[PDB]
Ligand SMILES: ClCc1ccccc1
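One chain follows as structure tokens, the form solved without the named molecule.
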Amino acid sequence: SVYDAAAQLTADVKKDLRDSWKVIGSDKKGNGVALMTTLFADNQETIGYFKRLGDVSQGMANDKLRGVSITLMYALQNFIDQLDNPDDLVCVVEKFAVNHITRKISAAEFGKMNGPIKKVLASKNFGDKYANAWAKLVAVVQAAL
């Protein structure tokens, strides 16, 4: 359940989440777009869910893609800020799950973002330790899908 998943966010996991976000969240536009372009490059199959965005290969030049990219980063910002209170984290995660469920995005599909996060993290000198911390956070959302 989503409540058991949130419980997996131990003290050190939270610290690693915050330490890496401090760097990653510094450039929401740049890193957000990097996240999305990497998702589409490594998982071409997911592009079909983003028809509304148009030519996703345009990257930063695509206004709609940039809109979603920036907004996605503020969702991660939201999760990080809620790490202190599990009750606030869960209600925020559930709200986000709802919008994805409507788009028929499954937990397995949603988890595909772990690859991109791992890559952007590594580009900034954050290794497996951090990628795993982030996978734990994503898992909380997966538990709600």
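Start at 1 with the first residue shown and count on from there.
What comes next is about the form deposited with the named molecule bound, which does not appear here.
Shown here without its ligand, the chain is overlaid with the named molecule as it sits in the bound PDB entry; no ligand atom lies within 2.4 Å of a backbone or C-beta atom, and the site is open. In the bound PDB entry, the named molecule sits within 4.5 Å of a heavy atom of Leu35. Contact between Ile117 and the named molecule in the bound PDB entry is found at the 4.5 Å heavy atom cutoff. Interface residue remark: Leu76 is counted as part of the site for the named molecule in the bound PDB entry, having a heavy atom within 4.5 Å. Residues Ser20, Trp21, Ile24, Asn31, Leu35 are the members of 1-38 with a non-hydrogen atom no more than 4.5 angstroms from the named molecule in the bound PDB entry.
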